[PDB]
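File shown here: my_file04.cif, holding mmCIF, C-alpha atoms and all ligand atoms.
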```
data_my_file
loop_
_atom_site.group_PDB
_atom_site.id
_atom_site.type_symbol
_atom_site.label_atom_id
_atom_site.label_comp_id
_atom_site.auth_asym_id
_atom_site.auth_seq_id
_atom_site.Cartn_x
_atom_site.Cartn_y
_atom_site.Cartn_z
ATOM 1 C CA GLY A 1 0.000 0.000 0.000
ATOM 2 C CA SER A 2 0.889 3.686 0.190
ATOM 3 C CA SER A 3 1.873 3.551 3.861
ATOM 4 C CA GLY A 4 1.509 7.309 4.206
ATOM 5 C CA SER A 5 0.220 9.429 1.331
ATOM 6 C CA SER A 6 1.458 12.745 2.723
ATOM 7 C CA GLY A 7 1.905 14.518 6.044
ATOM 8 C CA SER A 8 1.952 18.149 4.939
ATOM 9 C CA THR A 9 -0.259 19.218 7.843
ATOM 10 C CA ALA A 10 0.253 17.497 11.195
ATOM 11 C CA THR A 11 -3.258 17.522 12.655
ATOM 12 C CA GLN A 12 -6.186 15.113 12.954
ATOM 13 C CA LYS A 13 -9.683 15.834 11.643
ATOM 14 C CA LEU A 14 -12.308 15.572 14.386
ATOM 15 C CA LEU A 15 -14.135 17.396 17.180
ATOM 16 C CA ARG A 16 -15.293 16.426 20.671
ATOM 17 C CA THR A 17 -17.644 17.974 23.230
ATOM 18 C CA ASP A 18 -16.493 16.236 26.410
ATOM 19 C CA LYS A 19 -13.470 18.523 26.748
ATOM 20 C CA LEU A 20 -13.271 21.274 29.369
ATOM 21 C CA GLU A 21 -10.519 23.888 29.119
ATOM 22 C CA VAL A 22 -8.736 23.985 32.478
ATOM 23 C CA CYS A 23 -8.315 27.486 33.902
ATOM 24 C CA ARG A 24 -4.821 28.982 34.053
ATOM 25 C CA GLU A 25 -5.281 31.219 37.095
ATOM 26 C CA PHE A 26 -6.963 28.709 39.407
ATOM 27 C CA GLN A 27 -4.009 26.378 38.849
ATOM 28 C CA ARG A 28 -1.809 28.810 40.779
ATOM 29 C CA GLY A 29 -4.752 30.190 42.733
ATOM 30 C CA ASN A 30 -5.526 33.511 41.062
ATOM 31 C CA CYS A 31 -8.981 32.870 39.604
ATOM 32 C CA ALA A 32 -11.656 34.547 41.724
ATOM 33 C CA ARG A 33 -14.676 33.581 39.623
ATOM 34 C CA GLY A 34 -14.081 29.957 40.569
ATOM 35 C CA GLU A 35 -15.503 26.958 38.726
ATOM 36 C CA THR A 36 -18.856 28.542 39.574
ATOM 37 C CA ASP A 37 -18.562 31.993 38.003
ATOM 38 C CA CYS A 38 -15.884 30.688 35.638
ATOM 39 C CA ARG A 39 -16.633 28.854 32.390
ATOM 40 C CA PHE A 40 -13.306 27.023 32.612
ATOM 41 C CA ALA A 41 -13.229 23.902 34.783
ATOM 42 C CA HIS A 42 -11.094 24.016 37.930
ATOM 43 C CA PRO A 43 -9.318 20.684 38.560
ATOM 44 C CA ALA A 44 -9.025 20.274 42.329
ATOM 45 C CA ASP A 45 -6.777 17.221 42.029
ATOM 46 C CA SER A 46 -4.807 18.664 39.112
ATOM 47 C CA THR A 47 -3.618 15.232 37.982
ATOM 48 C CA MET A 48 -5.634 14.435 34.859
ATOM 49 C CA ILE A 49 -4.322 17.551 33.116
ATOM 50 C CA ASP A 50 -2.447 17.410 29.812
ATOM 51 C CA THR A 51 0.343 19.950 29.327
ATOM 52 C CA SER A 52 -0.196 19.498 25.590
ATOM 53 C CA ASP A 53 -3.754 20.816 25.317
ATOM 54 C CA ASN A 54 -4.661 21.645 28.918
ATOM 55 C CA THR A 55 -8.105 20.043 28.720
ATOM 56 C CA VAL A 56 -9.927 17.586 30.980
ATOM 57 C CA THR A 57 -12.368 14.838 30.003
ATOM 58 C CA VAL A 58 -16.080 15.262 30.714
ATOM 59 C CA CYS A 59 -18.276 12.508 32.147
ATOM 60 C CA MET A 60 -21.089 12.034 29.632
ATOM 61 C CA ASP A 61 -23.232 9.924 31.961
ATOM 62 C CA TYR A 62 -23.017 12.495 34.755
ATOM 63 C CA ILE A 63 -24.119 15.236 32.360
ATOM 64 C CA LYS A 64 -27.329 13.278 31.785
ATOM 65 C CA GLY A 65 -27.847 13.251 35.541
ATOM 66 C CA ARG A 66 -26.927 9.648 36.303
ATOM 67 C CA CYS A 67 -23.238 8.770 36.616
ATOM 68 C CA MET A 68 -22.621 5.114 37.472
ATOM 69 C CA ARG A 69 -19.776 4.295 35.083
ATOM 70 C CA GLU A 70 -17.111 1.750 36.024
ATOM 71 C CA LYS A 71 -14.577 3.564 38.206
ATOM 72 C CA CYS A 72 -15.560 6.907 36.681
ATOM 73 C CA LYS A 73 -12.264 8.707 36.075
ATOM 74 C CA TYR A 74 -13.518 11.933 34.502
ATOM 75 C CA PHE A 75 -14.048 15.503 35.704
ATOM 76 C CA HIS A 76 -17.506 16.458 36.971
ATOM 77 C CA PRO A 77 -18.607 19.977 35.943
ATOM 78 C CA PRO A 78 -21.071 22.099 37.960
ATOM 79 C CA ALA A 79 -24.785 22.527 37.262
ATOM 80 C CA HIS A 80 -24.629 25.718 35.195
ATOM 81 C CA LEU A 81 -21.902 24.132 33.068
ATOM 82 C CA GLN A 82 -23.450 20.664 32.867
ATOM 83 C CA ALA A 83 -26.249 22.438 31.002
ATOM 84 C CA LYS A 84 -24.119 24.572 28.683
ATOM 85 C CA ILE A 85 -22.884 21.271 27.253
ATOM 86 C CA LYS A 86 -26.239 19.481 27.217
ATOM 87 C CA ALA A 87 -27.835 22.268 25.180
ATOM 88 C CA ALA A 88 -25.167 21.719 22.526
ATOM 89 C CA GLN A 89 -26.303 18.137 21.942
ATOM 90 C CA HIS A 90 -30.024 18.915 22.060
ATOM 91 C CA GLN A 91 -30.660 21.290 19.159
ATOM 92 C CA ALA A 92 -31.562 24.684 20.618
ATOM 93 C CA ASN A 93 -31.175 28.449 20.239
ATOM 94 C CA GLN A 94 -28.146 30.424 21.418
ATOM 95 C CA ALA A 95 -28.115 33.514 23.635
ATOM 96 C CA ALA A 96 -26.708 36.949 22.807
ATOM 97 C CA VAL A 97 -23.005 37.793 23.010
ATOM 98 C CA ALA A 98 -21.209 39.341 25.982
HETATM 99 ZN ZN ZN B 1 -11.301 30.022 36.365
HETATM 100 ZN ZN ZN B 2 -18.872 10.423 36.278
#
```
Could you render the structure from this file as structure tokens?
Ligand SMILES: [Zn+2]
Ligand SMILES: [Zn+2]
Amino acid sequence: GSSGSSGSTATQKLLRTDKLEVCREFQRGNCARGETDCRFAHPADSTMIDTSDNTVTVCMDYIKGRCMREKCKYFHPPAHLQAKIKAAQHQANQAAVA
């Protein structure tokens, strides 16, 4: 076979929704809005963080309201947030801009 047509651009082609951008301030302890008034998730453990993208996985089950996965090892976002994501899946209208 070809075994590699071409690698001009080094980047995959896909998109996920279970990815929360970890805050930069909180990490050091500067964020005042907190995971509550802050859109970015605040990892308390700060262990499942990738220094490559700086994003944490999102528990799909939990989002639905029932999280009983096997040894759930994903971040659990707050209520306000949990929704922000849900809406995305369920076709709906968007609010104005800030
Ligand atoms: Zn924050
Ligand atoms: Zn979970």
Output check: residues returned by the PyMOL selection byres (((chain A and resi 20) around 12) and not hetatm), as a ChimeraX atom specification: /A:16-19,21-23,35,38-43,48-50,53-59,74-78,81-82,84-85
Those same residues - C-alpha atoms - I'd like them written as an mmCIF file, keeping the file's coordinate frame.
```
data_model
loop_
_atom_site.group_PDB
_atom_site.id
_atom_site.type_symbol
_atom_site.label_atom_id
_atom_site.label_comp_id
_atom_site.auth_asym_id
_atom_site.auth_seq_id
_atom_site.Cartn_x
_atom_site.Cartn_y
_atom_site.Cartn_z
ATOM 1 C CA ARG A 16 -15.293 16.426 20.671
ATOM 2 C CA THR A 17 -17.644 17.974 23.230
ATOM 3 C CA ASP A 18 -16.493 16.236 26.410
ATOM 4 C CA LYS A 19 -13.470 18.523 26.748
ATOM 5 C CA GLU A 21 -10.519 23.888 29.119
ATOM 6 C CA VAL A 22 -8.736 23.985 32.478
ATOM 7 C CA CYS A 23 -8.315 27.486 33.902
ATOM 8 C CA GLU A 35 -15.503 26.958 38.726
ATOM 9 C CA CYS A 38 -15.884 30.688 35.638
ATOM 10 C CA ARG A 39 -16.633 28.854 32.390
ATOM 11 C CA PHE A 40 -13.306 27.023 32.612
ATOM 12 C CA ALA A 41 -13.229 23.902 34.783
ATOM 13 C CA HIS A 42 -11.094 24.016 37.930
ATOM 14 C CA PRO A 43 -9.318 20.684 38.560
ATOM 15 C CA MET A 48 -5.634 14.435 34.859
ATOM 16 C CA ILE A 49 -4.322 17.551 33.116
ATOM 17 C CA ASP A 50 -2.447 17.410 29.812
ATOM 18 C CA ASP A 53 -3.754 20.816 25.317
ATOM 19 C CA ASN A 54 -4.661 21.645 28.918
ATOM 20 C CA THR A 55 -8.105 20.043 28.720
ATOM 21 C CA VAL A 56 -9.927 17.586 30.980
ATOM 22 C CA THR A 57 -12.368 14.838 30.003
ATOM 23 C CA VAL A 58 -16.080 15.262 30.714
ATOM 24 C CA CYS A 59 -18.276 12.508 32.147
ATOM 25 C CA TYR A 74 -13.518 11.933 34.502
ATOM 26 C CA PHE A 75 -14.048 15.503 35.704
ATOM 27 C CA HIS A 76 -17.506 16.458 36.971
ATOM 28 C CA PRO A 77 -18.607 19.977 35.943
ATOM 29 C CA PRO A 78 -21.071 22.099 37.960
ATOM 30 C CA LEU A 81 -21.902 24.132 33.068
ATOM 31 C CA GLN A 82 -23.450 20.664 32.867
ATOM 32 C CA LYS A 84 -24.119 24.572 28.683
ATOM 33 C CA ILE A 85 -22.884 21.271 27.253
#
```
Two-atom distance - atom CA of residue A:89, atom CA of residue A:10 (Å):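 Separating atom CA of residue A:89 from atom CA of residue A:10 is a distance of 28.7 Å.
Using the PyMOL selection byres (((not hetatm)) within 7 of (chain B and resi 2)) on the file at hand returns these residues: residues 59, 61, 62, 67, 68, 69, 72, 73, 74 and 76 of chain A.
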Residue among A:86, A:63, A:9, A:31 lying closest to ligand ZN 1 (chain B), counting all atoms listed in the file: A:31
d(atom CA of residue A:37, atom CA of residue A:87) in Å: 18.6 Å
Two-atom distance - atom CA of residue A:25, atom CA of residue A:51 (Å): 14.8 Å
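Across A:30, A:2, A:94, A:52, the tightest approach to ligand ZN 1 (chain B) is made by A:30 when counting all atoms listed in the file.
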Among the residues A:33, A:3, A:12, A:93, the one that comes closest to ligand ZN 1 (chain B) [using only C-alpha atoms and all ligand atoms]: A:33
Residue nearest ligand ZN 1 (chain B) - candidates A:29, A:65, A:7, A:34, atoms counted: all atoms listed in the file: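 Between A:29, A:65, A:7, A:34, the residue approaching ligand ZN 1 (chain B) most closely is A:34.
The shortest atom-to-atom distance to ligand ZN 1 (chain B), with all atoms listed in the file taken into account, belongs to A:24 out of A:24, A:71, A:90, A:64.
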